[PDB]
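Beneath this line is the structure, given in structure tokens, with notes to follow.
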Amino acid sequence: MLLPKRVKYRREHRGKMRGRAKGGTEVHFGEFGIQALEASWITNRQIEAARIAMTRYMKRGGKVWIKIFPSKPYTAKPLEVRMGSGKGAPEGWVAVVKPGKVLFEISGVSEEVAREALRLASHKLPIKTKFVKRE
Amino acid sequence: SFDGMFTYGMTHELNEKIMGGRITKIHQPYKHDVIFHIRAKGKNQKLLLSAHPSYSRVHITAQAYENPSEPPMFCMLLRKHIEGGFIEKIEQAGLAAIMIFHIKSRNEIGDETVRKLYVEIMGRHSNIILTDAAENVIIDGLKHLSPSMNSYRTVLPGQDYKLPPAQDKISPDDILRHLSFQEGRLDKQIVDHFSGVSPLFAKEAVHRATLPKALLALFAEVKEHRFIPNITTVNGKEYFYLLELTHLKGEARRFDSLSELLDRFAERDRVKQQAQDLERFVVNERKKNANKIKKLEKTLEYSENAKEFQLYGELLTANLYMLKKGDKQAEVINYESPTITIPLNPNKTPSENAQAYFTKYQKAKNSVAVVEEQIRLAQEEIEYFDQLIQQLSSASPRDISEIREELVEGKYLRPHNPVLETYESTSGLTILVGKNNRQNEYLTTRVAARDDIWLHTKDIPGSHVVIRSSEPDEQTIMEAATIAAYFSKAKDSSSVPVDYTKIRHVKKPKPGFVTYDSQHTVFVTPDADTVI
Amino acid sequence: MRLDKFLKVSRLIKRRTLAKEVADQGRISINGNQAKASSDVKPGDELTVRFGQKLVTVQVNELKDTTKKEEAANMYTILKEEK
RNA sequence: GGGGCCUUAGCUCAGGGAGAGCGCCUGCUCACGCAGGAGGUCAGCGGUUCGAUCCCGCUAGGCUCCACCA
RNA sequence: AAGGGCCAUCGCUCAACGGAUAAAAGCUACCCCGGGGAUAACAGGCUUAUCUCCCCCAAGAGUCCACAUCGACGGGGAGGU
RNA sequence: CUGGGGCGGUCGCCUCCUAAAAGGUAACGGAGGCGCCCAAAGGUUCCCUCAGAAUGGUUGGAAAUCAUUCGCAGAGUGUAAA
Numbered sequence: 001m002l003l004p005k006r007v008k009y010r011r012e013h014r015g016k017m018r019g020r021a022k023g024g025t026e027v028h029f030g031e032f033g034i035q036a037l038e039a040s041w042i043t044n045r046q047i048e049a050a051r052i053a054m055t056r057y058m059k060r061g062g063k064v065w066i067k068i069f070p071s072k073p074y075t076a077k078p079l080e081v082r083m084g085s086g087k088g089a090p091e092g093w094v095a096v097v098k099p100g101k102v103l104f105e106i107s108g109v110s111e112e113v114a115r116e117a118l119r120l121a122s123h124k125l126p127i128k129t130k131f132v133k134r135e
Numbered sequence: 002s003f004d005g006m007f008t009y010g011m012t013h014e015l016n017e018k019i020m021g022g023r024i025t026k027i028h029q030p031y032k033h034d035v036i037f038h039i040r041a042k043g044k045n046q047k048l049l050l051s052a053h054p055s056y057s058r059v060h061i062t063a064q065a066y067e068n069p070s071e072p073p074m075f076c077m078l079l080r081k082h083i084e085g086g087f088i089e090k091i092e093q094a095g096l097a098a099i100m101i102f103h104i105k106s107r108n109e110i111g112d113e114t115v116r117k118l119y120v121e122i123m124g125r126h127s128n129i130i131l132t133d134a135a136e137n138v139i140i141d142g143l144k145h146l147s148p149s150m151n152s153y154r155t156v157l158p159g160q161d162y163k164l165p166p167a168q169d170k171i172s173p179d180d181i182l183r184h185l186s187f188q189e190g191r192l193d194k195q196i197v198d199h200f201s202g203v204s205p206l207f208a209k210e211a212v213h214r215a222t223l224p225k226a227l228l229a230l231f232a233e234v235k236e237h238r239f240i241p242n243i244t245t246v247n248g249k250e251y252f253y254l255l256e257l258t259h260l261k262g263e264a265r266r267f268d269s270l271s272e273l274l275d276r277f282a283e284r285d286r287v288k289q290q291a292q293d294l295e296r297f298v299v300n301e302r303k304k305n306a307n308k309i310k311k312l313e314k315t316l317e318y319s320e321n322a323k324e325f326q327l328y329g330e331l332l333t334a335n336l337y338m339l340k341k342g343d344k345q346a347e348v349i350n351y355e356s357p358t359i360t361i362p363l364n365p366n367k368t369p370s371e372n373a374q375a376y377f378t379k380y381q382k383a384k385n386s387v388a389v390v391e392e393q394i395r396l397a398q399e400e401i402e403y404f405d406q407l408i409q410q411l412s413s414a415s416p417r418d419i420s421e422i423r424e425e426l427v428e429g430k431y432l433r434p446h447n448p449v450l451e452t453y454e455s456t457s458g459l460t461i462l463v464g465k466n467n468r469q470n471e472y473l474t475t476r477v478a479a480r481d482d483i484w485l486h487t488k489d490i491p492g493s494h495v496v497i498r499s500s501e502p503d504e505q506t507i508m509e510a511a512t513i514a515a516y517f518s519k520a521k522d523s524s525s526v527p528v529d530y531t532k533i534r535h536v537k538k539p543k544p545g546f547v548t549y550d551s552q553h554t555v556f557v558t559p560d561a562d563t564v565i
Numbered sequence: 001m002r003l004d005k006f007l008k009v010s011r012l013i014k015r016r017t018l019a020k021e022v023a024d025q026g027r028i029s030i031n032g033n034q035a036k037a038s039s040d041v042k043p044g045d046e047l048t049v050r051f052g053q054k055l056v057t058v059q060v061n062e063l064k065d066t067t068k069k070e071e072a073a074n075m076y077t078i079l080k081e082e083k
């Protein structure tokens, strides 16, 4: 459950996930990676689920290199409450994702193993994905 | 001990040295303790004063203990008005447990001035005061005392000094005149007639059995300075006085100087409090671990059916061809050719049943392994704390300070080269030791070689000590055994064997779990401070 | 302030419980009047007290709660003792 | 759930450069009193300032008060 | 002359800070009038966070064996009680 | 005022974001400050240039005051921010 240690503002606007990514569109730390085909917010619980999933499938395998970090916080008012009276309290932390963006990489491991692990992770994630490799 | 008699003896016998002693330096090492490095009779000497209630006294010490890094208020006030002084005269305050120094010194303009330093040693309410000569006004005071105690006298500066109410006691037959000897328990009421009295002195004199003779003789003795400064030890409870011991069974050690007597006899007791408070906790933990393993052991005696199931599975796999599925029992022979009747599940196959026996064997095996590991843990801890208590028994504060941090590191507690301590040894040698486990290990590893010799207990628990490259004669070999038996699990045990072994076989395997080989062992016993 | 609190903060009496007890016994008085633990006090007050036969007379200078040990006695002055 | 107050020695609790009393240890003194030492995150986190019990914010606990009209 | 005017200046957390008076708190279930669906309680409606139900990946449990039956961390939907 | 009212909270002014590249722009939207201070902390003339680093080193230490090169600026600008 990743966390930014320190932040300026505990409360931010949400934003808009228009367009494609700026960077991180291609694997370069590792060999076999995964990228997105949509745009969405992703949570520390999602990423750690995917991470531990692939690492359990691999059991010693090489290196991973996540390519993101949930910097963004997201609020949520308490339950059964009218509107207004200030912005809701923070709940967790979020990473924002554009399409064309690489999320997880892999090295030290064969292609079939990598593809299967990333499949497993994709099923923990909400969005549509693609298997990718380095050029 | 510190009677008016001892006082008066000191009054003359220190004026013997310090006529006009030039006060070269002043310090206040501890709270109720003050040092003067004085220059008298063409020599430098130390002068300790103490208003520390139980240990309040005066002394001259070869051991200039430690001048502080902080000059306290009282010390600096003494520096203000006494520094570079001149000890004109000493006085006894009329044999009460009180002393006076008549002192001279030049003021800030070189004009000569005088003062009267008073040292009242009353017991729990001793004090040190400084006063003007002519005005008798107090200038300084160690224990300021407000008249809220509704007392006769007062301490505070500026005020005219006053002495305590001197009681109606003839300070030096007269007791047979005034006091009715029928009263009994007169060791009490000699205090009611004389000024300088201890109940110790009174009892030891009353036990001389009408005895005015003893009083007069001992008073003449003291007046003549005919005493013998010794320390008495009645089964511990080490006492001392001008006169020797009179009757009791206690051991006696004599001295040439009352000052050296005081030396060899404010913070020691504090360290003792800390040590005991820690020792309680350590013993609680060790006792707890011992009872913990007792629980585990007496629990272990009720699930031990492993081997039966093992042997049953063996036999069933051996006889997996005579056996129906649906049967209750099996008359079976062991591979000694007994004939065992193993029960079955009449629903299961013999394969299933035998596999279940193997499963139960596996499970009991697992649980026993768990309990044995917990046993190993607890016993390691108990031995660690037992060695620790041995060290704490044979400890010094310098190693206790390290032991505390060791335990805080072990997280039993919460909140840099000085390692070893040594004394004399045979062959004019030096034997180093450490009551702390950590310091002992530091010495054993980093302060000697492999071919050197380590000497410790040949028994359960004791300290670790050795000389630098301990290869001296059998004299030193037997002398190390005394130091070993002194700081051991059983001090003063006259049957303690010591193990001497080459450091090359010293096993550096909890902490201080040091095994040993290349060892010999010699029966020995504890000893005295001559072991130093 | 109250007499029992005052006695404690001035450290005349070591326990507020004891101050209450002795004031309920009425061993003490203020300005020649018998008093109680709830009796009010102020600067310039003249207090009479007993400890068995030991009779004591004292004068009030100040009052406070935080009362560190040596500063406690600045709060008042002893005048006199009798028996 | 909201608002306010508080969280400091073992307990009770005072208070922009750590205190008391109670209880422990000690001597004095059977049983109290009287003199010393110990025990301190100033609840936690973060911030301001040279510097934080103290000033600021957030969080955890406790307590008190409110939590309503259909 | 009193007094007034002009000029300079003082006096208000009038802080509910364009300040109603120099001067002011509450209960009404014993209540009343004028109006409102411009605004609340029921029901209806939109939403479906929540609720219920279904499903995906599948580690793991299941002696062995993921999918007999259960199903973690996570994910996606339906319904409109 | 009020996403019914009540209770809570707020009521004036300043700075930023929201604010959509002039300006302006709401919400019980997000962050913070003011109800002053200086008789020199003003005016003028003349002067010069900071923060840190390393590195030197009696005290003095992580950390004084000292000396050296590096050093658009990491400092300062009475106070909040721009």
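Protein chains in written order, with the deposited numbering: chain Q, 1 to 135; chain 0, 2 to 173, 179 to 215, 222 to 277, 282 to 351, 355 to 434, 446 to 539, 543 to 565; chain 1, 1 to 83.
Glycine is no exception: its CB is placed at the ideal position from the N, C-alpha and C atoms.
How would you label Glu-210 (chain 0), buried or exposed, when you count the other beta carbons within 10 angstroms and need 16 or more for buried?
Classification for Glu-210 (chain 0): buried.
For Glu-509 (chain 0) versus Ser-455 (chain 0), is the C-beta distance shorter than 8 angstroms?
Here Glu-509 (chain 0) is near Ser-455 (chain 0), since their CB atoms are less than 8 angstroms apart.
Does DSSP put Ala-76 (chain Q) in a helix, a strand or coil?
Here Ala-76 (chain Q) sits in strand by DSSP.
From which residue to which residue does the beta strand (DSSP E) around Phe-104 (chain Q) run?
Note, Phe-104 (chain Q): beta strand (DSSP E), 102–104.
Using the C-alpha atoms, what's the distance from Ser-204 (chain 0) back to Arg-125 (chain 0)?
Spanning the two alpha carbons is a distance of roughly 15 angstroms.
Is there a C-beta anywhere in chain 0 that falls below 8 angstroms from the one on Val-56 (chain 1)?
Judged by the 8 angstroms Cβ criterion, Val-56 (chain 1) is in contact with chain 0.
Less than 8 angstroms separating the beta-carbons of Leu-103 (chain Q) and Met-54 (chain Q)?
Going by C-beta atoms, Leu-103 (chain Q) is not nearer than 8 angstroms to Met-54 (chain Q).
Using only alpha-carbon positions, find the residue among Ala-264 (chain 0), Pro-241 (chain 0), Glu-233 (chain 0) and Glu-256 (chain 0) that is nearest to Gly-248 (chain 0).
Checking every option, the nearest Cα to that of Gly-248 (chain 0) belongs to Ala-264 (chain 0).
If you measure between the beta carbons of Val-58 (chain 1) and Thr-77 (chain 1), is that distance less than 8 angstroms?
A contact, by the Cβ cut-off of 8 angstroms.
Which residue's Cα is closest to the Cα of residue 566 (chain 0): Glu-113 (chain 0), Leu-407 (chain 0) and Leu-260 (chain 0)?
In the structure as shown, chain 0 starts at 2 and stops at 565, and residue 566 (chain 0) therefore has no counterpart that could be examined.
Got a sec, what are the start and stop residues for the alpha helix (DSSP H) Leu-206 (chain 0) sits in?
Under the DSSP assignment, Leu-206 (chain 0) falls in the alpha helix (DSSP H) whose first and last residues are 205–212.
Host beta strand (DSSP E) of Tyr-253 (chain 0) (start-end):
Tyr-253 (chain 0): member of the beta strand (DSSP E) spanning 250–253, first to last residue.
Give the list of continuous alpha helix (DSSP H) stretches no shorter than 4 residues that lie fully inside the region 20–105 of chain 0.
74–83, all fully within the region 20–105 of chain 0.
First through last residue of the alpha helix (DSSP H) which encompasses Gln-326 (chain 0)
Here the alpha helix (DSSP H) through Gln-326 (chain 0) covers 322–334.
Count the other CB atoms, across all protein chains shown, that sit within 10 Å of the CB of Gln-34 (chain 1); report buried if there are 16 or more and exposed otherwise.
Under this definition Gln-34 (chain 1) is an exposed residue.
Candidates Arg-238 (chain 0), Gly-262 (chain 0) and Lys-81 (chain 0): which alpha carbon is nearest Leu-254 (chain 0)'s?
Of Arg-238 (chain 0), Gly-262 (chain 0) and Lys-81 (chain 0), the residue nearest in Cα terms is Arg-238 (chain 0).
Residue ranges of each beta strand (DSSP E) within the region 457–516 of chain 0, 3 or longer
Fully enclosed beta strand (DSSP E) runs of 3 or longer: 460–464, 483–487 and 494–497.
Closer than 9 angstroms between beta carbons: that is the criterion. Which residues of the region 147–163 of chain 0 meet it against chain 1?
Answer set for the region 147–163 of chain 0: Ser-147, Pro-148, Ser-149 and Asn-151.
Is the separation between the beta-carbon of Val-41 (chain 1) and that of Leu-3 (chain 1) shorter than 8 angstroms?
Between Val-41 (chain 1) and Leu-3 (chain 1), the gap from beta carbon to beta carbon is short of 8 angstroms.
Comparing the C-beta of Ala-73 (chain 1) with each C-beta of chain 0, is any distance below 8 angstroms?
The beta carbon of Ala-73 (chain 1) falls within 8 angstroms of a beta carbon belonging to chain 0, placing the residue at that interface.
Quick one: measure Cβ to Cβ for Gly-545 (chain 0) and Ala-514 (chain 0), integer angstroms, because I've assumed they're closer than 8 angstroms.
Actually they are not in contact, since the Cβ atoms of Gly-545 (chain 0) and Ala-514 (chain 0) sit about 15 angstroms apart, beyond 8 angstroms.
Residues of chain 0 with a CB under 8 angstroms from the CB of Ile-78 (chain 1): which are they?
Under the 8 angstroms cutoff, chain 0 gives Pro-148, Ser-149 and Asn-151.
With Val-60 (chain 1) as the anchor, note down where its beta strand (DSSP E) starts and where it stops.
Membership of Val-60 (chain 1) in the beta strand (DSSP E) is indicated by the continuous run 54–60.
What does a CB cutoff of less than 6 angstroms around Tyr-403 (chain 0) pick up in its chain, not counting 5 residues either side in sequence?
Counting only Cβ-Cβ distances below 6 angstroms, and skipping sequence neighbours, we find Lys-543.
Determine, using beta carbons only, whether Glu-82 (chain 1) comes closer than 8 angstroms to chain 0.
With a threshold of 8 angstroms between beta carbons, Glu-82 (chain 1) makes no contact with chain 0.
Where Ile-490 (chain 0) and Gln-409 (chain 0) are concerned, what is the direct C-alpha to C-alpha distance, given to the nearest angstrom?
Answer to the nearest angstrom: the Cα atoms are 10 angstroms apart.
Whole angstroms is fine: what's the gap from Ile-19 (chain 0)'s alpha carbon to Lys-81 (chain 0)'s?
If I take the Cα positions, the gap works out to 21 angstroms.
I'd like to check one pair, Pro-241 (chain 0) with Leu-273 (chain 0): are the Cβ atoms closer than 8 angstroms?
Closer than 8 angstroms, so yes.
Between the region 288–306 of chain 0 and the region 80–96 of chain 0, can you find at least three pairs of beta-carbon atoms closer than 8 angstroms?
In short, these stretches do not touch, since the Cβ pair count stays below three.
Bridge partners for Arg-107 (chain 0) per DSSP, in chain order?
According to DSSP, which records beta bridges pairwise, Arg-107 (chain 0) is partnered with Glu-113 (chain 0).
Closest by CA to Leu-182 (chain 0), which one among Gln-469 (chain 0), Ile-533 (chain 0), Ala-226 (chain 0) and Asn-307 (chain 0)?
Across the set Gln-469 (chain 0), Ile-533 (chain 0), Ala-226 (chain 0) and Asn-307 (chain 0), the C-alpha of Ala-226 (chain 0) shows the shortest separation from the C-alpha of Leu-182 (chain 0).
Beta strand (DSSP E) segment containing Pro-241 (chain 0), residue limits:
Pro-241 (chain 0) -> no beta strand (DSSP E), and no H or E assigned at all.
Can you say whether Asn-447 (chain 0) is buried or exposed, counting buried as having 16 or more other CB atoms within 10 angstroms of its CB?
Here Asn-447 (chain 0) is exposed, its C-beta having fewer than 16 other C-beta atoms within 10 Å.
What separation, rounded to the nearest whole angstrom, lies between the Cα atoms of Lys-308 (chain 0) and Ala-397 (chain 0)?
Answer to the nearest angstrom: the Cα atoms are 8 angstroms apart.
Could you compute how far the alpha carbon of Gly-33 (chain Q) sits from the alpha carbon of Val-27 (chain Q)?
Distance between the alpha carbons of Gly-33 (chain Q) and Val-27 (chain Q): 6 angstroms.
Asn-128 (chain 0) by DSSP, collapsed to three states: which one?
Collapsing the DSSP output to three states places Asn-128 (chain 0) in a strand.
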